[PDB]
């Protein structure tokens, strides 16, 4: 297929092939539904690059073209906040494939958690990740952009250099714009409005950020359900039954809850609603997660208490009142 160039519509990567007189192809570094990602060396710019090779099929081409529209929209902004987003350098067609040339980055935050052996990084590293993520989300919310990532998780946050704390966001392939889909985020990081089948905005990315930051300090996912009903039950364990004004507006409300004769809501093997406290998940007064941080600097009771506040503000059930990226950057945790 494609004159012996395509397999499943994918290009048959030849380690050592040269494209134009410019790109030298090293190896395949990723496979997806879109197609493939290879590592390459660009000779005109003397640098290593990552090339996303999209399948030779129009549905996947047309998704990727939307992806270039948002990546270029973001490029045309002069702010420096755009540096927390992975950089699109150029794109071209080659042997009937759309190819998107990106910068090369090091590991993801899931990789980092593997190296802690799922015991977590420190509150001081966490604060550094938290700040950059809040600034990236402030960039994505500028009115002319208005982008919802939709797939925020530790695999999709990449370290720039393996010896430093700079991070970047990647895979805008599940992205939409305000205005532009019901079964959307990844289960562990999926927001309540999404589980309940309600309209969503850029607030769903801030629910995920809170789930992600707690996992980076403890090593383990905050809410790990095997289905939606398990996911919603494990959220109620920590935050209690949701406000009654959100449930009364919620299509899929009765898959999880029931209304009592007094008109309050109730659930329908789990700890009682609200009894799994983030105060003890984080070890606020008990020396941190599993007491592993006792005596460590920057890890005081005053510190954990501030971290708790910010997270609870990110895990607000009401997408209208949940903390917005600017004010989160102003929170005392960051002082």
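Positions refer to the first chain, counted from 1.
Per the record, residue 268 and residue 269 are separated by a gap of 4 to 9 residues from the deposited sequence that were not modelled.
Unmodelled deposited residues between residue 7 and residue 8: 1 to 3, per the record. In this entry, 70-78 shows the higher mean Cα temperature factor of the pair 85-93 and 70-78. Taking only CA atoms, the mean B-factor in the PDB entry is higher for 159-167 than for the other of 131-139 and 159-167.
Across the residues 193, 103, 215, 248, the deposited record lists the maximum Cα B factor for 248. Of the candidates 208, 186, 227, 124, the deposited coordinates give 124 the top C-alpha B factor. The entry lists a Cα temperature factor for residue 304 that places it in the lowest third of the chain's modelled residues. Per the PDB record, residue ranking by Cα B-factor puts residue 114 in the lowest third of the chain. Per the deposited record, the Cα B-factor of residue 259 falls in the highest third when ranked against the other modelled residues of its chain. Among the modelled residues of its chain, residue 23 has a C-alpha B-factor that falls in the highest third, as given in the PDB entry. In the PDB entry, residue 221 places in the middle third of its chain by CA B-factor.
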